[PDB]
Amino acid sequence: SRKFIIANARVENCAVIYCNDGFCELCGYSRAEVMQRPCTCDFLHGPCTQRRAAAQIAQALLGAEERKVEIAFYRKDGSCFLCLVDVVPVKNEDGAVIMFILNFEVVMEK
């Protein structure tokens, strides 16, 4: 079903502090590999990955922007797939961004 990850906004690299079973199976990477890595998931980038699609995801994380970005991702098996990234910032009462919730979903296989 769902495939998501939680990032630590209070860090420079927005290190992934959690990734559910769904994400790992989707990208083909294990939880131990994903943990502590930049939530932008650069390890999923490849040939078709658009620089604009990536920059948009980066910007969202920077300005705590709620944004959906369609980006071409590559699994560990080299396979490529069209993924829709859902950058969901999570703020507190003070409006400070505590953590990030990124939701991935396959748009099309290619």
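Note that residue numbering begins at 1 and tracks the sequence as displayed.
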72 to 80 versus 28 to 36 - greater average Cα B-factor per the deposited record: 72 to 80
Stretch with the greater mean C-alpha B-factor as recorded in the entry, comparing 81 to 89 against 57 to 65: 57 to 65
Cα B factor band for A7 (lowest, middle or highest third within the chain): middle
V97 CA temperature factor, ranked by third within the chain: middle
